[PDB]
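Participant: sequence? don't have it. structure:
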RNA sequence: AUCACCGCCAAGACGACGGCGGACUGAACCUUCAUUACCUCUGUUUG
């Protein structure tokens, strides 16, 4: 929360004797504190609210700073006087006086006169003191102007009797109870900020009769003129000032009051809602409507309706939206409640903990629905690539009947299967009848995964539904259509695949380490212990934490912190450095020692460390947490040492609560995720740029990296893996030909449903499998979930979840085992079209360890994924438009030509790093024109190399395909929300209401149209990609998706932002124009990477050199799939 | 559309023309992979 910068989270629970939700504050994740009590007594929160109160009487300098002496003295006088009051009030301790003064004067407390010419210097006094008067100066100065009097008024306002901004008391009660000050009033307002459980406050308390009276004169058009007049005045300044909604708010409020007076003869708004419809109910809703419009950060004025017609339409749509938001909320709670025990109104899922539980479940569902949409697309290409089979679902009874009846189709599918399964001797000798059973089963296993409306819960009912479908080896009946019985062989073949992959795991894990030279850089005892630990973590494991960062990023952070502290004279700060190695650049992995160290570290981190760290508590957790905080504080004080109050500065990490005693790392990492969600929203408020928001919110992620870096180092030392850290780059092997240990048995005991699920996973990309395990881990890590008080209920639940996890892990650890060192299991001939000369494609990618070899393998795996979906039909035209020419191949060769001498690219790369470090080490602020010219020249060669590699090895083509899939994937995710909100939650909601609120049911029902449901289907089944000729239009898709999500404005509005932000993350800059409610005129450019940012030429001027990430060829491709064009700035 | 969206604090008199909450709500963030990979390191307070 923001209020007074008070620390802690808010929780909503039941317990109140009224039987309703109440919001409390928790400081350690466990305790519960009442808002009025806390916000009236907490030192930090009090001081925060006091200074906020002072800031509205006398403003501090704008920061979006340096005050005048007049301004400074004014703030100081008021501060001192107010301090004296609250001190004597017994609200303020002497201990906290310094904090109060630091926060009264955040700009600093030591300045020389304004005409002095000193380092720290006041601004010249303004011509009028009113320059720094705030909105509340008038109200607080009614009983005089002196500091003593301003302070007295502020104190009364905050702690005794709340005033309006005009200086009048807000409340004049006649009862036994005195009216509160602002602090308590606002705190009570927070206390009752809880989810509505019913429809009471959604009824519209006015109609046509009220409209006739109220809109005799068009208030909306006149308010619109207020907005235009506000715009013009701000636009009249030489620097064009933009008007915010917060500045418009008072002008609209006055205009609306004058309107009420015109209608009623009075400005008194107080009305009687219970008495029935009224003009003042309508007015209250008009005020609320403009309150919403004025809360907008961007272009508030532009959104103002121009007309009574527009205003009433906005009010209607907003009302319709709020009803559907409330009905989705209710229907979701009910769905998660089920039967349980309790009284829908008292359900755990109304609470903050319960809503967090819902959120992580819902996200798992999205990922699940998403993974099996891709599976569907994969199975389509497997079975019916040319669409020989208006239901577009191959698993539907009508279509699956056609598949099995077609003998050639089934046979051709079995012959193509290698692209999905790899080499599968297990499936070779089923026979034609056996094959038909097998193709049928996988379609039914897909359907069993895909046709689930489910959620996560303590019973693991979801996995039970999965098991019910996937344990089947027979379907239907003999007397009726679709009788399929799997043959004993077909069954054994299904069960054998997962069995053999498991059996093979031990030796694969050994070979992985062996092939990365790990056994060459470790004693036999050390290597043996490492290998044993890795296999043990995969074979027998509890549900671990996915909260761990990626090792590379952890290592990057550790490297960055090490680098800074090692540059400081104060050696005490060197303590915050680890001996963890830097992250390797890809080229550095060519060095055996470097590979060995990184792979050993990577496998250790992901498996044995993750297993160990997840359940850790006490000193092993608290030690690294504290150290991470100490480090951030040390870093902050060093960087900003010159700035004010530097000796008391703490890292922003210090706001975060320490781990509780008995809390596991898994639990503390999950709590931290809550902080991140909150921090991103807060940052988006200060700046709406998603990437700048991420930078300002990154301190949380950097705390986790620092904390985990210290834990990882500690673990390495504690378990005797120090040797890994001691391997130095370029070191020659300890043993030239080491004797490896025996492979450990990795055999498992798998149920049929696991084997079935495992085979369906072969139609889902590995990344999406990984995402499923990551979310499963996140959901399992969640504290405060609904549980059972049924003793063995949790034992069965835990068995299902463990078996599910084993399927995912085995799939991931097996990776390319059935593909490696074998020919491409698909036709490469269609991909010749991507080259001008087909012979050139053949020479490069059609076979007749090294770095060129790894690159060819990467490309072929890329093409495989396109073939897996049968997507050459979708992007053949576009790809063939951007054919790779022989001159590009030749140019790339000569740039990389290493046979005679240092190749062009290697020379360029080394010159660039050489110069960068020379600048950043010897003089980070400066660079000579000649140094800068060679730097630019190096970048140019580097760019040319990147662009040619991107074309010759088809990087551009594969990135375009991936981008396309990601965009459509994001829209499919929205489609899942449509299906689920409308098909489940709203239906549930409508049934609770019954005949009481038919108006709400008609509004719920409005969520659906034929076109929206069609868009849901077309997205789900990639029907938008089903065009033999031409390129897909993603702009039109986004527009269809916007319309699909119209039932929920927050989603409809977010649809385009999702896609923009997705591209931005990659450095692609997309822009649309909105005309007639449709996105259009898509343009594409890129964000250049800025080298030598704050570095100046020795001769003067910015020394900045810019690097392009992407070729014009790729930008053109991206533009084409958005039916747009490239527009690079000049 | 491109930070929105939902909700809370009612009046003894002319206003809420002011204050707020929000893992609570979408959007983000985080993420198995010897991937394309490039931006010195590091970051208080305000906002």
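Facilitator: Happy to help now that I have it. Residues are numbered from 1 along each chain as shown, chains lettered A, B, ... in the order given.
Participant: List the buried residues of stretch A:415-428.
Facilitator: A:416, A:417, A:418, A:419, A:420, A:421, A:422, A:424, A:426, A:427 (16 or more other Cβ atoms under 10 Å). C-beta: built from backbone N, CA, C; applies to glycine.
Participant: so the fifth one is in which element?
Facilitator: It refers to residue A:420. helix A:418-421 (DSSP states H and E).
Participant: can you list the domain ranges for chain A.
Facilitator: Structurally, chain A divides into domains by automatic domain parsing as follows: A:3-191, A:205-306, A:352-503+A:749-814, A:518-726, A:825-870, A:955-1126.
Participant: just to revisit the earlier point, which residues sit against the helix holding residue A:420?
Facilitator: A:378, A:382, A:424, A:427, A:497, A:759, A:762-763, A:818, A:825-826, A:864, A:867-868 (Cβ atoms under 8 Å, 6 or more residues apart in numbering).
Participant: Let's see that with 7 Å instead.
Facilitator: Contact with helix A:418-421 is made by A:378, A:382, A:762, A:763, A:818, A:825, A:826, A:864, A:867, A:868, as judged by Cβ atoms under 7 Å, 6 or more residues apart in numbering.
Participant: Tell me which of these fall in strands.
Facilitator: Of the positions in the contacts of helix A:418-421, not one sits in strands, assigned by DSSP state E.
Participant: Dump those into CSV; add neighbour count and distance to RNA strand B as well.
Facilitator: Rendered in CSV, the data for the contacts of helix A:418-421 read as follows (neighbours: other Cβ atoms under 10 Å; distance: Cβ to the nearest atom of the strand, whole Å):
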residue, neighbour count, distance to RNA strand B
A:378, 23, 16
A:382, 25, 21
A:762, 21, 14
A:763, 24, 15
A:818, 19, 15
A:825, 18, 18
A:826, 19, 19
A:864, 16, 13
A:867, 22, 17
A:868, 20, 14
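Participant: Go through the residues you listed and flag which are in helices.
Facilitator: A:378, A:382, A:864, A:867, A:868 (DSSP state H).
Participant: quick one: which two of the residues you listed are the most distant?
Facilitator: A:382 and A:864 (13.0 Å; Cβ to Cβ).
Participant: any idea how far the spatially most central residue of chain A lies from RNA strand B?
Facilitator: Geometric centre of chain A, nearest residue: residue A:677, 8.3 Å, by Cα atoms, centre = their mean. Separation of residue A:677 from RNA strand B (Cβ to the nearest atom of the strand, to the nearest Å) stands at 4 Å.
Participant: For that residue, what is the enclosing helix or strand?
Facilitator: Using DSSP H and E, residue A:677 falls in helix A:665-686.
Participant: Pull out the buried positions in that helix.
Facilitator: A:665-673, A:675, A:679-680, A:683-684.
Participant: Going by contacts, tell me the helices and strands next to whichever helix or strand comes after it.
Facilitator: Using DSSP H and E, the helix or strand that follows helix A:665-686 in sequence is helix A:690-718. Helix A:690-718 sits against helix A:551-565, helix A:610-614, helix A:619-639, helix A:665-686, helix A:722-726, helix A:1049-1065, with contacts defined as 3 or more Cβ pairs under 7 Å, 6 or more residues apart in numbering; DSSP states H and E.
Participant: closest to residue A:1015 out of those?
Facilitator: helix A:1049-1065 (11.5 Å).
Participant: check whether the closest one contacts RNA strand B.
Facilitator: Yes: judged by Cβ under 7 Å from any atom of the strand, helix A:1049-1065 comes into contact with RNA strand B through A:1049-1058, A:1060-1062, A:1065.
Participant: Give me the packing partners of that helix, helices and strands only.
Facilitator: helix A:690-718, helix A:955-980, helix A:1034-1044, strand A:1068-1075.
Participant: Could you dump the ones you listed into TSV with distance to RNA strand B added?
Facilitator: Converted to TSV, these look like this (distance: least, Cβ to the nearest atom of the strand, whole Å):
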stretch	distance to RNA strand B
helix A:690-718	5
helix A:955-980	5
helix A:1034-1044	7
strand A:1068-1075	3
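Participant: closest to residue A:1016 out of the ones you listed?
Facilitator: Taking Cβ to Cβ, helix A:955-980 is the member of the helices and strands packed on helix A:1049-1065 nearest to residue A:1016, at 4.6 Å.
Participant: how distant is stretch A:422-441 from the center of its chain?
Facilitator: 41 Å (Cα atoms, centre = their mean, to the nearest Å).
Participant: with the residues of helix A:1049-1065 next to RNA strand B in mind, which one is nearest to residue A:599?
Facilitator: Distances from residue A:599 to these, taken by Cβ to Cβ, are shortest for residue A:1065, at 28.1 Å.
Participant: Let me know how buried the closest one is, in neighbour terms.
Facilitator: 11 (other Cβ atoms under 10 Å).
Participant: Run the contact check for the host helix or strand of residue A:1116 versus RNA strand B.
Facilitator: When elements are assigned from DSSP H and E, residue A:1116 belongs to helix A:1112-1121. No: residues of helix A:1112-1121 contacting RNA strand B under Cβ under 7 Å from any atom of the strand: none, with a closest distance of 9.9 Å.
Participant: Other residues contacting that helix?
Facilitator: Contacts for helix A:1112-1121 (Cβ under 7 Å, 6+ apart): A:878, A:882, A:950-951, A:956, A:959-960, A:963-964, A:1031-1032, A:1034, A:1068, A:1082, A:1084, A:1086, A:1125-1126.
Participant: ok, residue A:532 to residue A:741 distance?
Facilitator: With the distance defined as Cβ to Cβ, to the nearest Å, residue A:532 ends up 8 Å from residue A:741.
Participant: wait, I meant residue A:1128
Facilitator: 58 Å.
Participant: Ok, residue A:622 next?
Facilitator: Using Cβ to Cβ, residue A:622 is found at 37 Å from residue A:741.
Participant: before we move on, back to that, which one of the residues of helix A:1049-1065 next to RNA strand B sits in the busiest neighbourhood?
Facilitator: residue A:1055 (22 neighbours).
Participant: where does the stretch 301-450 of chain A come near RNA strand B, residue by residue?
Facilitator: Residues of the stretch 301-450 of chain A found near RNA strand B (Cβ under 7 Å from any atom of the strand) are A:302-303, A:318, A:321-322, A:325-326, A:328-329, A:352, A:355-356, A:359-360, A:362-363.
Participant: Need the buried ones from the residues you listed selected in PyMOL.
Facilitator: Buried residues within those, by 16+ other Cβ under 10 Å, are selected in PyMOL with:
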select buried, chain A and resi 321+325+326+328+329+352+355+356+360+362
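Participant: and of the residues of the stretch 301-450 of chain A next to RNA strand B, the nearest to residue A:914?
Facilitator: After measuring those against residue A:914 - Cβ to Cβ - the closest member comes out as residue A:363, at 46.1 Å.
Participant: what's the angle between the helix or strand that contains the closest one and helix A:955-980?
Facilitator: Secondary structure from DSSP H and E places residue A:363 in helix A:352-383. Here the directions of helix A:352-383 and helix A:955-980 differ by 120 degrees (axes from the mean of the first three to the mean of the last three Cα atoms, to 10 degrees).
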